[PDB]
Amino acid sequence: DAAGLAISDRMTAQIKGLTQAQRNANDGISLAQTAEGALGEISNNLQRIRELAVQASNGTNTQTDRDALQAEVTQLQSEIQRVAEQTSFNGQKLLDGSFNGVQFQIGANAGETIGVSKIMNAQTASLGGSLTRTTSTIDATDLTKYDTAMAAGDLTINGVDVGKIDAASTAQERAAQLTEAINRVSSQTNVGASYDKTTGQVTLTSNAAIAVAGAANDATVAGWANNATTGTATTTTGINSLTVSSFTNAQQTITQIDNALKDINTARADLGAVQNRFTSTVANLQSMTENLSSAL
């Protein structure tokens, strides 16, 4: 009768709806699995940076040694950035900070959904969270008196003499010299230098104000003029500014990479949780579809 036809139609709608819900849940599971897997790949690269930072921290390294290690870190940072910006499921970016929570239709009716929560920005500018330190940056080209020789005592960092520095033949050479001289005593002074040859900038990093003193007192010669509290309190995010160019930088890198690994772990915990929910839902959907097919 008419009532029986309506019941059959209801059961048909439910069977078709729940069957599609199962396919929907598979797609949702697959998206979460994609994100979790890619986060693991980032973790693998983070591990490599961390290891290099442990190596770079050792007091037997030359600047040339640390530069070689930093070259590897730069490549690993670009690889992390690549995974973060490229990782997608069916055209939808997952790890670049644009995935802020989408619903997955896992029932026959409207509103019957499971949400995959916001996935954190895994890009190098964000991954690892906040980083607070004192920094001071100069342009290598500011070293217009690169050809002035530096005697011992001309430049001191936190009371420590960086020693004699030969007259250079370019501003860029003097930038490299100052970086090397400052970094020799980085583990004593807790101040580290990094010379980025792409940007042409030398950056000092420390946990506190940097005491710059000495006989030179000329930024065009020694990069920094005398100033007992040199530097700006800087708070940025991510791992993109991390280097292993100095003891101080490498130490900072170990800590911040650990923060990044922590962020990965928390992100995977959330994705693992939603995978469990999808799996539980699939089981219930299969049971509901089988019982409803038996009713016929």
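Counting begins at 1, following the sequence as shown.
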According to the deposited model, is the average Cα temperature factor higher in 62 to 70 or in 264 to 272? 264 to 272
Given the B-factors recorded for C-alpha atoms, which segment has the greater mean, 79 to 87 or 184 to 192? 79 to 87
If I read the C-alpha B-factors straight from the PDB entry, which of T179, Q172, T198, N226 is highest? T198
In this crystal structure's PDB entry, the residue among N259, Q252, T230, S241 with the greatest CA B factor is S241
In terms of the CA temperature factor given in the entry, to which third of its chain does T236 belong: lowest, middle or highest? highest
Third of chain Cα B-factors occupied by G214: lowest
Third assignment of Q105 from its chain's C-alpha B-factors: middle
Splitting the chain's C-alpha B-factors into thirds, which one does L155 fall into? lowest
Please place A222 in the lowest, middle or highest third of its chain according to the CA B-factor in the PDB entry. lowest
